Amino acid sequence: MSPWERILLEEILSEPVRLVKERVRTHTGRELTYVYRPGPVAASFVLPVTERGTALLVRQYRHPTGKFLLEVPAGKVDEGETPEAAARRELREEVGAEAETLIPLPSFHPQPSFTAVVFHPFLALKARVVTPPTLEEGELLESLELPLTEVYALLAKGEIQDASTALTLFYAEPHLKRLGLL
């Protein structure tokens, strides 16, 4: 029961990202052209916490912003892969780490006005580095370790610019306090 009816759906780009331009008839009966990244598509985000109450994060170059941002490891969920598997895979690729339990946190749409993507956050416990990172061509990042108290101080001070990382931290907080890690 969509409120808008499709007139024509044009593919504007397929790679590196699929983008479409859709002509639709809206709730007013008038026509509108809507450009967006179609679904279904998703990505997983994972806050990796060690047994020492530190977090394994990444400082990554995000070209559209021209900045290196402090983020939790994350990546697109591949075709036929579960969000938890993509989380573990990106954790191993970007930080060279493995973890035990992965607690799922509330999923969210980062920008529903433009993209159908759903982001799936996870809190990973007993994270540990076991191998060197394996980055894709295109990824420019370094991994680092920070005490959770410092990560949450940055959050409270409003210094975590990546929304997904900030939101993952907020959802993770009650669990970290419950587990005695924060």
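We number the residues from 1 along the sequence you see.
Averaged over Cα atoms, the B-factor as recorded in the entry is higher for 21 to 29 than for the other of 156 to 164 and 21 to 29. When the mean C-alpha temperature factors of 63 to 71 and 144 to 152 are read from the deposited coordinates, 144 to 152 comes out higher. Among the modelled residues of its chain, residue 47 has a C-alpha B-factor that falls in the lowest third, as given in the PDB entry. Sort the modelled residues of the chain by CA B factor and residue 112 lands in the lowest third. For residue 96, the recorded CA temperature factor ranks within the middle third of the chain's modelled residues. Ranked against the other modelled residues of its chain, the C-alpha B-factor of residue 123 as given in the entry falls in the lowest third. Residue-level temperature factors show residue 104 in the middle third of its chain, judged at the C-alpha atom.
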